[PDB]
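Right, one structure below, let's go through it.
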Amino acid sequence: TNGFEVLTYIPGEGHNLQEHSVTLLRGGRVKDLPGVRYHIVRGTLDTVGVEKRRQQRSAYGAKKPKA
Amino acid sequence: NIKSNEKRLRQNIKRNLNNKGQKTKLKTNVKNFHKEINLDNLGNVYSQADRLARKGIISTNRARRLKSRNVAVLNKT
Amino acid sequence: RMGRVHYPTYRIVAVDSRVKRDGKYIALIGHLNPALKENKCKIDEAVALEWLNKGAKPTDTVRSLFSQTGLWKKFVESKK
Amino acid sequence: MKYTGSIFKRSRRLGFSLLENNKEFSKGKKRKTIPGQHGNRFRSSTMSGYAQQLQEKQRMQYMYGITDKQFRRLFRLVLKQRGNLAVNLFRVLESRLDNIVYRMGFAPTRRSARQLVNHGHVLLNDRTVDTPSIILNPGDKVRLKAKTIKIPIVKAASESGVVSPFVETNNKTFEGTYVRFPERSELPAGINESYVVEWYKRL
Amino acid sequence: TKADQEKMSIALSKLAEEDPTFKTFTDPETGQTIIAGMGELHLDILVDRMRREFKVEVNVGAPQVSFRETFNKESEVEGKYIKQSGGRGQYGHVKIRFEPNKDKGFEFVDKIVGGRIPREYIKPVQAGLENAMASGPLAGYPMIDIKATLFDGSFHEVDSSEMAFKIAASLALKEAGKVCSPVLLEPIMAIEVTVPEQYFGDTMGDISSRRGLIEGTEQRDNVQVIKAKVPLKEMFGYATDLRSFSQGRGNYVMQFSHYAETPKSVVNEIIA
RNA sequence: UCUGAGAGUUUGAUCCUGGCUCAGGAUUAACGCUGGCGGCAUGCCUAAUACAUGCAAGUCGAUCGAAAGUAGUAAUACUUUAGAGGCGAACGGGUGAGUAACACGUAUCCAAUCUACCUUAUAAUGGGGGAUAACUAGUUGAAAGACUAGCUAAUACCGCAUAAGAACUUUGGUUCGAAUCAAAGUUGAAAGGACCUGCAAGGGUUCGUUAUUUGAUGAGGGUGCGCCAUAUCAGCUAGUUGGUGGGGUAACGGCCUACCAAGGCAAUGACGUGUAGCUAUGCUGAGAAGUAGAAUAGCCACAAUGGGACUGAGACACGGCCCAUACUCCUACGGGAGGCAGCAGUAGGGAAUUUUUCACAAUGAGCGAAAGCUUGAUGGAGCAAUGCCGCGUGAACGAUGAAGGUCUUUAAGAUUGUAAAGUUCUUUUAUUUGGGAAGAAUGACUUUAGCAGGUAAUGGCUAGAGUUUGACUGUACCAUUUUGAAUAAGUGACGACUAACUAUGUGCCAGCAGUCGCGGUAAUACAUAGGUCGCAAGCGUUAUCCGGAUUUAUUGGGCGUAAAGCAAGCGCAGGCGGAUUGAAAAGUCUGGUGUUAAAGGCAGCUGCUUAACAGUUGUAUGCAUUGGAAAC
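Chains as they are written, first to last, in the deposited numbering: chain K, 71 to 137; chain S, 3 to 79; chain O, 2 to 81; chain C, 1 to 203; chain 9, 414 to 685.
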């Protein structure tokens, strides 16, 4: 919504990003690409997460470990 | 909200007119004294301006300044 | 009030009736705790005389307390 | 955890016990190795001073059933007064209600004492006590609220325990009095308290 | 507009929370609002209550739906992977006769009897077809329940990275897939219409115009509840056409019958 | 008693200069998973963007005329306000856009300032006139109202006279730019109300009016020093600078004006530009210091934007007045009404930060003599894991390890694990029944007695008893108060950095990450399973400032080869300097005094079951005067 527009890296197994979707951008850094220092944090207004990852569930937004 | 502000809205206008009248007669006496300097004019100025200085129209500081500046030219004769 | 919710506080403070609470003032006369009232109050008994002698009479809610302490008796000596 | 509900694992991993030794009663193998499954020949991956400092910190903390943030709060209050803070930390920690409750022979474990205290089964200074987070002062007694004196556990364990030398009690009326501060050479301990003092860098 | 869609969603969630008189569906086909209406007036009330209050510009769209796919049984394909990349050798040579079936689901058949390709290299490329069965060679229409039989294959002993296999799997399947000229599979449904048997002429004519099979009536002993086989591609307008033909006296219910073979008049519309 | 933690990384290996990250605390905080409970604290950082509706300061009949009512032929006792008049609306309440400057902070001076209302004493409260609202009448209209004639009253207004003291000018006493004290000329005061004693008589009593005299209060005014960056901002400035005369301000002054005259400030950074509420302080650091200036408190700033002015002691006024501008609302289109950066609340933005709440019980304010009235200040409630803190999901017996998972992958056995199965005890919390306080002995009212200048009395002050005020709360707390462990666990990591390892799937692919980097057929580094550890009703994730970091080095670094000694020289100003003596003491050293608010840092104490907290007892740099010391 502000002036600058930038790149980001999509984490997690698979993805739910095709095109034209609103999402949440968070600070960070990835050491594989030039200038990509942003993270699209999953579990946001539109993108769903890696439904399974119970070891890491604060990131890669997922529910509680299966009952 | 407010219920009696219009009271002061209409109250001051007539009082302001009265104060304008007092100020105008004060200025008339001052001009009369300025036309020619003599004791009777200064006495009339005193008798008609001390009452104004009594009430809250012109503070006594300005009245004292005015009479000092008048008695200066009175004593310049 | 000042201090703590459900545990009020009001310092007996010398001030003139011009401004709000907890602001500019002149002297700190003392304090009273209404949370435990057993006829006791922090009063200097000397500076309050100077405060009373320069106008600015204290808050109306302390007159009975000062009469209990014994300040009115020595203050009304001026009008005697 | 304030109420772990499992202490034998900690005892086996640490080789220590809150009591003298009662956490090995031959219910199967009596093994002093680490619990779980990590190999009986492995010990650890990092064994620096940090590791042993942390190990002693956990030992001391879990010997009392206290949380870490409250431990830091206690250390902060300890920094107020000065002296030999190494033994002063032990002295202040033992001043907690349940510690002296065990030192009174009232109940074998601090967890049992906490369960007794919280449910309203203890009286002190004519006020009901529901927490053991009370800084005990020299010259204070503790009643038992005689309505709840009918607890079988305390009645049975009053005589079958050991009374610390810095506390007294008229166990016939089941009321005890704090005599003086605890000492290092009178209580069973071998903890390197200097490691505890040095480890916490929050202050 | 995308932001228009966002604020429309924000407004319609509240509208559904306040006035329950319609539903809202979002399908993963392309992203479309399937709304429940009562004639055009319902959607006019929708757009009015949206634009006069929320200050939204919006234009309604046409019903967009997909179709399943099934192509002719080919004979051979020539999948080649030639490139010097990856810091090593990249290679792959795949020949598959691709056989769609309507009896069971997907199953993989290994016709590499001599073992010219390793077993450990089969399972990924299998999944590649299973990851390529979602997108066809024309537009991505769903390939459902299709069998794959690896007739022949070859690789490089110290080269031919594994991914290239599945990378080649989509390549050749496209080429012959273009040649195969696939036929569509349309979702055929059943329409139950209760009619007082006094306006059935218009309804029956509209159903006939909508590519259906009608040669009579079947009545519930006092009122006729006719069942008609319908294609989904044109029923949306047919809703209001039937509504106006019967003066709104006759309603219906939609149920999922099955997927049926398509004529050429449907497949000639597969691409522009 | 008090004051300083390291580790990783460039090379075959090593040293060195230098950079980055991790190991620390924290908030005006958010995101994902969750999820007992109390207290305290906190809750638009962005759009000073608009704002629906109601509420946000009124009061005085013991001030006045007019108008209704209760009962009473009349007089009347009381409740009311449409209006006049009096006081107060200039407080309190918020918001940080402009302002980089005597605005703020600090010590000060007003031989330049007013100060109603409160404190002190005093000359006193004399006498008349004309007034106009409401009301009555006539037009207009839907109301809205306004317009036009008539009558009224005062503490409203304007005159008549008396003055201690004041003001003004001459004469004489008199001062470290001016002031004291005498005689004289001149000149100006108002208004009554309530009550008592009296037949009337007058007098007294209470409020209050006017001229004073006192302090205090509050505000204003100029200066010392301190107080952001930028030289890719070299000259800025014309009421600007100064004399004279007048005007004017509350006073002093180009503050304004008429004439005359031409400097002021600057390289020690004007001026221009960018940014910004300042201060006590929050946080970090041992400190010198760095960072932000949320609550809270003081100051100024503005009140849709910009100009003005009246009112009053106090304004150029958050919700007074006029105009212009932009915006917005209503209208029977004649004309009107309006400003939530007051309280909640709505729109929009943003990732995002509360309910369109109960009462003046406590405090304050305004009026009133009081019963009292207004109080969106305030006291509360409620939402909000937003933070801090206590607090629970029980406790004690109970196998050669129940079943089973997992592992041993090869079973024999280990492990999950006294956890469980089972036994006993118990109810914080939960559910039910009862009692149920403090916060308020504050203010008045009425009966008693006393005090005082005083009287015939009535009124003001103190001592005594009774009337009561509680929104919160069925709160807290407890009670043979019923039942029963019952109603209550998560989240990150497990190669090393820094704590804890194994199996299966995955074959430079899917995928990881703050750092080193793992994965090309055995991944302890991916996915997952078991187990383990680090915190905890929270846990982790990104952003901010600090520590680490002597990584802007006064504390506490360098310039030969790594960045860095100008190409060299002459030198303005500045900075720094041979020895002896004297004088004062410009700083310094060292006393006293006054000033550095409150709250807050730190130490002790006290009541909150207890810590969290709050209160109290002290402490805290700096400034100016004053006396010593004269080594520098």
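Ideal Cβ positions, reconstructed from N, Cα and C, are used throughout, including at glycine.
State yes or no: is the C-beta of residue i within less than 8 angstroms of the C-beta of residue j?
i	j	result
residue 213 (chain C)	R12 (chain C)	No statement about residue 213 (chain C) is possible, as the shown extent of chain C runs from 1 to 203 and does not include it.
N99 (chain C)	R82 (chain C)	no
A51 (chain S)	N72 (chain S)	no
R624 (chain 9)	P644 (chain 9)	yes
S594 (chain 9)	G499 (chain 9)	no
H109 (chain K)	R96 (chain K)	yes
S567 (chain 9)	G541 (chain 9)	no
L586 (chain 9)	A545 (chain 9)	yes
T437 (chain 9)	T446 (chain 9)	yes
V196 (chain C)	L77 (chain C)	no
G505 (chain 9)	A581 (chain 9)	yes
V638 (chain 9)	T616 (chain 9)	no
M463 (chain 9)	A424 (chain 9)	yes
Give me the chain 9 residues within the contact set of residue i, using Cβ-Cβ distance strictly less than 7 angstroms, ordered along the chain.
i	result
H85 (chain K)	Here the premise fails: no neighbours, minimum Cβ distance about 14 angstroms.
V92 (chain K)	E419
Using a Cβ cut-off of 8 angstroms (strictly closer), state whether residue i contacts chain K.
i	result
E419 (chain 9)	yes
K468 (chain 9)	no
So with CB distances below 7 angstroms, who are the chain K contacts of residue i?
i	result
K415 (chain 9)	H90
Can you pull the DSSP bridge partners for residue i?
i	result
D42 (chain S)	Bridge partners of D42 (chain S): none, in fact.
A561 (chain 9)	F511 (chain 9), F521 (chain 9)
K496 (chain 9)	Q503 (chain 9)
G176 (chain C)	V142 (chain C), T169 (chain C)
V643 (chain 9)	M602 (chain 9)
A28 (chain O)	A15 (chain O)
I110 (chain K)	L95 (chain K)
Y8 (chain O)	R5 (chain O)
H671 (chain 9)	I601 (chain 9)
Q632 (chain 9)	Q637 (chain 9)
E39 (chain O)	Paired residues: none, contrary to the question.
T439 (chain 9)	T446 (chain 9)
What does the Cβ neighbour count give for residue i, buried or exposed, with the cut at 16 atoms within 10 Å?
i	result
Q660 (chain 9)	exposed
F669 (chain 9)	exposed
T71 (chain K)	exposed
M104 (chain C)	buried
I4 (chain S)	exposed
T62 (chain S)	exposed
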